[PDB]
Structure formats: C-alpha cells, structure tokens
Amino acid sequence: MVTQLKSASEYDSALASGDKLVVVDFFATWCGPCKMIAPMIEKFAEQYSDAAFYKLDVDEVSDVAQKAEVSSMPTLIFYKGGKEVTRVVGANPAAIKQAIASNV
C-alpha cells in the first residue's frame, strides 16, 4: 500500500506507535532514479502486505523535509521502533525488496 503524507500528523504518529514497517521517500524529482524508480517502489507497494510508503518531496510538504534533512537522491529510510535503524539512501530497486522484505 502507498500513502500520501499531507499532514505532519500522519508522519509523527507513524514514528510513535509504528511497530510495522514505515518507509519514507524524499525526492524533489530533479532528474534520474528519483523519477525512474518511482514506478518500481510504487509497483512493489502492491507486492508487500504491510509496508507503509511515505511519499515526500520538498515544497509540497515543507514539514518533514524541514526537520528530516535530506542528504541523498533519493533518500529512503526504514522505521521499525520509531527510530531510523535500517536506512537506504542510494539508487537501486532491488534495495527495496531486500530492505522492506527484511524489516517487514
């Protein structure tokens, strides 16, 4: 399943009592994987049974991107215990399966 984070509440409450797998995606659609991998991760979303896909850009939100400083392209992270433990900031689809399928 794919989610759309419009309000910080959807993100905050997700890191609090969020035991399941909480995935985040920070990409301002510059040019490259950020747009080429969109279908990949978005497509894999229909593969998992309990994977929270949090989509975030920059201006569209301005809340998360503000606090959660981005240092990649794109920038994906995995939250299991309300704390970034298994992050994945690079560029590779397969990295989502072995990642999501792990924390799942």
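What counts and how
Residues numbered from 1 in each chain as written, not as in the entry; some residues may be left out. Heavy atoms only, no water. UniProt positions renumbered as here; feature names shortened; annotations may be inferred. Helix = DSSP H or I, 4+ residues; strand = E, 2+ residues; numbered from the N terminus. Rg over C-alpha atoms; globule rule 2.2 N^0.38 Å. Buried < 20%, exposed > 50% of the residue type's maximum accessible area, 1.4 Å probe, protein only. Areas by Shrake-Rupley, 256 points an atom, 1.4 Å probe, with all protein chains shown as cover. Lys, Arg positive; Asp, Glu negative; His and termini not counted. Charge placed at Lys NZ, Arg CZ, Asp CG, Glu CD. Pairing = 2+ DSSP bridges. Polar contact = N/O pair within 3.5 Å; in protein donor to acceptor, adjacent residues only side chain to side chain. Axes fitted to C-alpha atoms, helices over the stretch in contact; angles between N-to-C directions.

- For this deposition, the record names solution NMR as the technique by which the model was determined.

- The name the PDB entry gives the protein chain is Thioredoxin II, with Saccharomyces cerevisiae as the organism.
- Within the UniProt record for the protein chain, the comment given under Subunit is "Monomer. Part of the heterodimeric LMA1 complex together with the proteinase inhibitor PBI2. LMA1 binds to the ATPase SEC18."

**Things to note about the overall build of the protein chain**
1) Next: Looking only at helices and strands, the protein chain features five helices and four strands.
2) Next: At 12 Å, the protein chain has a C-alpha radius of gyration in line with the 13 Å of a compact globule built from 104 residues.
3) Next: Its C-alpha atoms give the protein chain principal-axis dimensions of about 35 × 30 × 20 Å.
4) Next: Within the protein chain, the proportion of its 104 residues that are buried is 34%.
5) Next: Put simply, the protein chain shows about 6,300 Å² of open surface, and 54% of that area lies on carbon and sulfur atoms.
6) Next: Looking at the protein chain, you have 10 positive and 13 negative side-chain charges, and the mean spots of the two groups are 6 Å apart.

**Some words on the pairing of strand 2 (residues 21–26)**
1) Next: Strand 2 sits mainly inside the fold: six of its six residues count as buried.
2) Next: Residues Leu-21, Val-23 and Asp-25 line one face of strand 2 and the alternating positions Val-22, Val-24 and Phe-26 line the opposite face, and both faces are buried.
3) Next: With five bridges joining them, strand 2 and strand 4 (residues 75–79) adopt antiparallel strand pairing. Within strand 4, the residue paired with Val-24 across the bridge is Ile-77.

**Regarding the side chain of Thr-75**
1) Next: With respect to the secondary-structure elements, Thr-75 resides in strand 4.
2) Next: Taking the relative accessible area as the measure of exposure, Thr-75 reaches 6% and is therefore buried.
3) Next: In this structure the side chain of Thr-75 is engaged in a polar contact, spanning 3.5 Å, whose partner is the backbone nitrogen of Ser-72.

**Focus on the sheet that holds strand 2**
Within a sheet, neighbouring strands are paired by backbone hydrogen bonds and run either parallel or antiparallel to one another.
1) Next: In spatial order, the strands read 1-3-2-4; together these four strands make up an open sheet with mixed pairing. Two strands lie at the open edges of the sheet, namely strand 1 (2–4) and strand 4, each paired on one side alone. Each adjacent strand pair in this sheet contributes to an overall mean axis angle of 25°, direction not counted.
2) Next: As paired strands, strand 2 and strand 3 (residues 51–56) are joined by six bridges and run parallel to one another. Counterpart to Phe-26 in the pairing with strand 3 is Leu-56.

**Things to note about the pairing of strand 4**
1) Next: Counting buried positions along strand 4 yields five of five residues, so the element is predominantly enclosed.
2) Next: Neither face of strand 4 is open: one carries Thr-75, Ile-77 and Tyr-79, the other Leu-76 and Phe-78, and all of them are buried.

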